[PDB]
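> My structure is stored as data_26.cif, with mmCIF, C-alpha atoms.
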data_work
loop_
_atom_site.group_PDB
_atom_site.id
_atom_site.type_symbol
_atom_site.label_atom_id
_atom_site.label_comp_id
_atom_site.auth_asym_id
_atom_site.auth_seq_id
_atom_site.Cartn_x
_atom_site.Cartn_y
_atom_site.Cartn_z
ATOM 1 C CA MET A 1 -4.740 -20.313 16.174
ATOM 2 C CA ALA A 2 -3.003 -17.559 14.151
ATOM 3 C CA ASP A 3 -1.433 -14.092 14.307
ATOM 4 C CA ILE A 4 -3.002 -13.220 10.888
ATOM 5 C CA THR A 5 -6.438 -14.016 9.408
ATOM 6 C CA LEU A 6 -6.401 -14.476 5.584
ATOM 7 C CA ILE A 7 -9.962 -13.399 4.660
ATOM 8 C CA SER A 8 -10.246 -14.941 1.191
ATOM 9 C CA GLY A 9 -13.922 -15.004 0.191
ATOM 10 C CA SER A 10 -15.276 -12.021 -1.857
ATOM 11 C CA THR A 11 -18.660 -13.696 -2.560
ATOM 12 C CA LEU A 12 -18.527 -16.094 0.441
ATOM 13 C CA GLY A 13 -15.921 -17.796 -1.824
ATOM 14 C CA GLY A 14 -12.707 -16.547 -3.459
ATOM 15 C CA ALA A 15 -9.000 -17.137 -4.235
ATOM 16 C CA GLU A 16 -8.399 -19.685 -1.399
ATOM 17 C CA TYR A 17 -5.567 -21.274 -3.498
ATOM 18 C CA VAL A 18 -3.641 -17.956 -3.597
ATOM 19 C CA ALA A 19 -4.529 -17.332 0.074
ATOM 20 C CA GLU A 20 -3.023 -20.727 1.045
ATOM 21 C CA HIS A 21 0.197 -19.842 -0.852
ATOM 22 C CA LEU A 22 0.282 -16.410 0.893
ATOM 23 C CA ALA A 23 -0.435 -18.098 4.250
ATOM 24 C CA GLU A 24 2.503 -20.514 3.782
ATOM 25 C CA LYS A 25 4.915 -17.647 2.895
ATOM 26 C CA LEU A 26 3.639 -15.725 5.968
ATOM 27 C CA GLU A 27 4.334 -18.728 8.249
ATOM 28 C CA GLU A 28 7.823 -18.960 6.644
ATOM 29 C CA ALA A 29 8.175 -15.225 7.531
ATOM 30 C CA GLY A 30 7.874 -16.297 11.228
ATOM 31 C CA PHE A 31 4.105 -16.031 12.016
ATOM 32 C CA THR A 32 0.990 -18.271 12.118
ATOM 33 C CA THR A 33 -1.941 -17.836 9.714
ATOM 34 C CA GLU A 34 -5.606 -18.856 9.205
ATOM 35 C CA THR A 35 -6.600 -19.378 5.535
ATOM 36 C CA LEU A 36 -10.388 -18.737 5.546
ATOM 37 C CA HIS A 37 -13.266 -17.718 3.236
ATOM 38 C CA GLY A 38 -14.233 -15.429 6.193
ATOM 39 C CA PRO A 39 -16.934 -17.864 7.547
ATOM 40 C CA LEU A 40 -17.281 -15.698 10.742
ATOM 41 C CA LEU A 41 -16.269 -12.393 8.967
ATOM 42 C CA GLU A 42 -13.508 -11.969 11.612
ATOM 43 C CA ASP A 43 -12.114 -15.242 13.055
ATOM 44 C CA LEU A 44 -9.401 -13.137 14.736
ATOM 45 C CA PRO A 45 -10.868 -10.201 16.757
ATOM 46 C CA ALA A 46 -10.636 -6.423 16.095
ATOM 47 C CA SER A 47 -7.011 -6.693 17.432
ATOM 48 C CA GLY A 48 -4.026 -8.358 15.669
ATOM 49 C CA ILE A 49 -3.372 -8.452 11.893
ATOM 50 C CA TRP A 50 -5.971 -8.974 9.118
ATOM 51 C CA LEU A 51 -5.419 -9.551 5.367
ATOM 52 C CA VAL A 52 -8.189 -9.475 2.718
ATOM 53 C CA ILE A 53 -7.765 -11.438 -0.536
ATOM 54 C CA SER A 54 -10.299 -10.433 -3.221
ATOM 55 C CA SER A 55 -10.322 -9.128 -6.874
ATOM 56 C CA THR A 56 -12.450 -5.943 -6.936
ATOM 57 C CA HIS A 57 -11.271 -4.577 -10.365
ATOM 58 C CA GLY A 58 -12.120 -6.380 -13.674
ATOM 59 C CA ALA A 59 -14.052 -9.156 -11.830
ATOM 60 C CA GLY A 60 -15.661 -6.958 -9.113
ATOM 61 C CA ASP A 61 -19.285 -8.159 -9.083
ATOM 62 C CA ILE A 62 -22.219 -5.722 -9.613
ATOM 63 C CA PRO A 63 -22.759 -4.057 -6.156
ATOM 64 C CA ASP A 64 -19.161 -3.616 -4.913
ATOM 65 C CA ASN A 65 -17.901 -7.267 -5.093
ATOM 66 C CA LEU A 66 -17.942 -8.124 -1.351
ATOM 67 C CA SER A 67 -21.690 -8.863 -1.164
ATOM 68 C CA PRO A 68 -21.940 -10.312 2.435
ATOM 69 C CA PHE A 69 -18.746 -8.751 3.869
ATOM 70 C CA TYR A 70 -19.414 -5.105 2.871
ATOM 71 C CA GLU A 71 -22.973 -5.113 4.284
ATOM 72 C CA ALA A 72 -21.698 -6.820 7.474
ATOM 73 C CA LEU A 73 -18.910 -4.187 7.803
ATOM 74 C CA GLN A 74 -21.414 -1.300 7.507
ATOM 75 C CA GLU A 75 -23.855 -3.054 9.916
ATOM 76 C CA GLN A 76 -21.387 -3.032 12.893
ATOM 77 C CA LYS A 77 -18.300 -0.834 11.983
ATOM 78 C CA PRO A 78 -16.302 -2.421 14.886
ATOM 79 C CA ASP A 79 -13.422 -0.594 16.651
ATOM 80 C CA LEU A 80 -10.628 -1.816 14.329
ATOM 81 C CA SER A 81 -8.241 0.854 15.808
ATOM 82 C CA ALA A 82 -6.224 -2.026 17.441
ATOM 83 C CA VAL A 83 -5.639 -3.893 14.103
ATOM 84 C CA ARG A 84 -3.934 -3.236 10.746
ATOM 85 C CA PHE A 85 -4.990 -4.733 7.418
ATOM 86 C CA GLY A 86 -3.521 -5.355 3.980
ATOM 87 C CA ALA A 87 -5.725 -5.497 0.917
ATOM 88 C CA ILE A 88 -4.441 -8.167 -1.522
ATOM 89 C CA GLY A 89 -5.512 -8.668 -5.190
ATOM 90 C CA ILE A 90 -7.978 -5.751 -4.724
ATOM 91 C CA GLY A 91 -7.569 -3.239 -7.594
ATOM 92 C CA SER A 92 -9.843 -0.389 -6.408
ATOM 93 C CA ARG A 93 -6.709 1.493 -5.134
ATOM 94 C CA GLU A 94 -5.841 4.350 -7.505
ATOM 95 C CA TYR A 95 -6.056 2.526 -10.772
ATOM 96 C CA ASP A 96 -9.535 1.008 -11.224
ATOM 97 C CA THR A 97 -11.121 4.173 -9.759
ATOM 98 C CA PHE A 98 -12.499 4.070 -13.271
ATOM 99 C CA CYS A 99 -16.311 3.554 -13.472
ATOM 100 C CA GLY A 100 -16.903 4.499 -9.790
ATOM 101 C CA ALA A 101 -15.135 4.320 -6.400
ATOM 102 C CA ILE A 102 -15.420 0.664 -5.225
ATOM 103 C CA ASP A 103 -12.539 1.802 -2.940
ATOM 104 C CA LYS A 104 -15.612 1.965 -0.588
ATOM 105 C CA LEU A 105 -14.441 -1.454 0.730
ATOM 106 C CA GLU A 106 -10.989 -0.171 1.789
ATOM 107 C CA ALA A 107 -12.577 3.116 2.951
ATOM 108 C CA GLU A 108 -15.116 1.480 5.325
ATOM 109 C CA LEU A 109 -12.376 -0.664 6.982
ATOM 110 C CA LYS A 110 -10.231 2.483 7.408
ATOM 111 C CA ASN A 111 -13.287 4.384 8.779
ATOM 112 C CA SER A 112 -13.948 1.547 11.282
ATOM 113 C CA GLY A 113 -10.300 1.929 12.357
ATOM 114 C CA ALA A 114 -7.963 -0.557 10.594
ATOM 115 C CA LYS A 115 -4.951 1.270 9.168
ATOM 116 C CA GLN A 116 -4.021 -0.017 5.750
ATOM 117 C CA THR A 117 -0.241 -0.598 6.033
ATOM 118 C CA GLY A 118 1.990 -0.383 2.939
ATOM 119 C CA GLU A 119 -0.285 -0.370 -0.135
ATOM 120 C CA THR A 120 -2.498 -3.112 -1.682
ATOM 121 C CA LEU A 121 -0.486 -6.290 -2.367
ATOM 122 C CA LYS A 122 -0.777 -7.770 -5.896
ATOM 123 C CA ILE A 123 -0.900 -11.530 -6.527
ATOM 124 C CA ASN A 124 -0.688 -13.575 -9.713
ATOM 125 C CA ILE A 125 0.145 -17.116 -10.857
ATOM 126 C CA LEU A 126 -0.197 -19.466 -13.917
ATOM 127 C CA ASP A 127 -2.596 -17.258 -15.995
ATOM 128 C CA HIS A 128 -2.927 -13.449 -16.006
ATOM 129 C CA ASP A 129 -6.053 -12.235 -14.163
ATOM 130 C CA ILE A 130 -6.696 -8.751 -12.653
ATOM 131 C CA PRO A 131 -3.571 -7.179 -10.925
ATOM 132 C CA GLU A 132 -1.435 -8.961 -13.641
ATOM 133 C CA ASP A 133 1.818 -9.338 -11.654
ATOM 134 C CA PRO A 134 3.043 -11.073 -8.409
ATOM 135 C CA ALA A 135 4.409 -9.014 -5.477
ATOM 136 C CA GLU A 136 6.478 -11.294 -3.209
ATOM 137 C CA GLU A 137 8.592 -8.089 -2.932
ATOM 138 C CA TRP A 138 5.586 -6.392 -1.213
ATOM 139 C CA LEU A 139 5.477 -9.356 1.180
ATOM 140 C CA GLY A 140 9.216 -8.936 1.960
ATOM 141 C CA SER A 141 8.796 -5.141 2.407
ATOM 142 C CA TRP A 142 5.638 -5.351 4.587
ATOM 143 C CA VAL A 143 7.205 -8.115 6.750
ATOM 144 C CA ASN A 144 10.565 -6.350 7.358
ATOM 145 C CA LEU A 145 8.659 -3.076 8.039
ATOM 146 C CA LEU A 146 6.434 -4.835 10.656
ATOM 147 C CA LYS A 147 9.527 -6.490 12.239
#
Could I get this structure in the form of structure tokens?

Amino acid sequence: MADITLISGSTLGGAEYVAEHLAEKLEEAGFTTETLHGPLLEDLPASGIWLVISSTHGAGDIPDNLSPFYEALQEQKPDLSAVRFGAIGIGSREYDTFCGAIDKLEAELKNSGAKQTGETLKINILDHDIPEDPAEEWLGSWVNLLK
């Protein structure tokens, strides 16, 4: 049981460690969360809050990066107009628009109806990776905006 699904599984696997840290900070913010590698694509329905925790930029695999999830999104394009999402760790944004437009992932969610709120959250720990720099300040902003 959660108010937010933490969909953390680019290739049916992903940054579950970072998603668990995010999930804990989101429960501390006053909510309940479900750290998942998206085993059902959408454990919470097309209503509520979603978050998507993937690394589409310098580690975005060949097709797009989200091999099962992207095809599943296009297959059903559910009425996400009653939910909002936040991309996290994703680098497609504005900034790795660089060899193509793998922003397709964000675009198809927005087409299906989920507003992106704020802008893509950036996460980092121990060793530099893809978005380079943590954004607990995004988490504070996005929370006090949604309150």
> With only C-alpha atoms as the counted atoms, please give the residues lying no more than 9 Å from stretch 124-130 of chain A, apart from itself and same-chain residues fewer than 2 positions off, as a PyMOL selection string.
chain A and resi 18+55-59+89-91+122+132-135
> Please identify all polymer residues within 7 Å of residue A:65, counting all atoms listed in the file, omitting same-chain residues fewer than 4 positions from it, and present them as a compact mmCIF listing (two decimals) with C-alpha atoms, in the frame of the given file.

# COMPACT_ATOMS: atom_id res chain seq x y z
CA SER A 10 -15.28 -12.02 -1.86
CA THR A 11 -18.66 -13.70 -2.56
CA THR A 56 -12.45 -5.94 -6.94
CA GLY A 60 -15.66 -6.96 -9.11
CA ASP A 61 -19.28 -8.16 -9.08
> Need the shell around residue A:37: protein/DNA/RNA residues with any atom at most 6 Å away, counting only C-alpha atoms. Skip same-chain ones fewer than 2 positions apart. Format as JSON, numbers by chain?
{"A": [7, 8, 9, 13, 39]}
> Give me a file of those residues, with C-alpha atoms, as an mmCIF file, in the coordinates of the input.

data_model
loop_
_atom_site.group_PDB
_atom_site.id
_atom_site.type_symbol
_atom_site.label_atom_id
_atom_site.label_comp_id
_atom_site.auth_asym_id
_atom_site.auth_seq_id
_atom_site.Cartn_x
_atom_site.Cartn_y
_atom_site.Cartn_z
ATOM 1 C CA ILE A 7 -9.962 -13.399 4.660
ATOM 2 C CA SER A 8 -10.246 -14.941 1.191
ATOM 3 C CA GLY A 9 -13.922 -15.004 0.191
ATOM 4 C CA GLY A 13 -15.921 -17.796 -1.824
ATOM 5 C CA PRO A 39 -16.934 -17.864 7.547
#
> Taking the file as shown, what set of residues would the PyMOL selection byres ((chain A and resi 110) around 12) give back, as number ranges by chain?
A: 73-74, 77-87, 103-109, 111-117
> Could you check how far atom CA of residue A:62 sits from atom CA of residue A:97, in Å to one decimal?
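So the answer is 14.9 Å.
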> For a test of reading the model, state the distance in Å between atom CA of residue A:2 and atom CA of residue A:46, rounded to one decimal.
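Distance reported for this atom pair: 13.6 Å.
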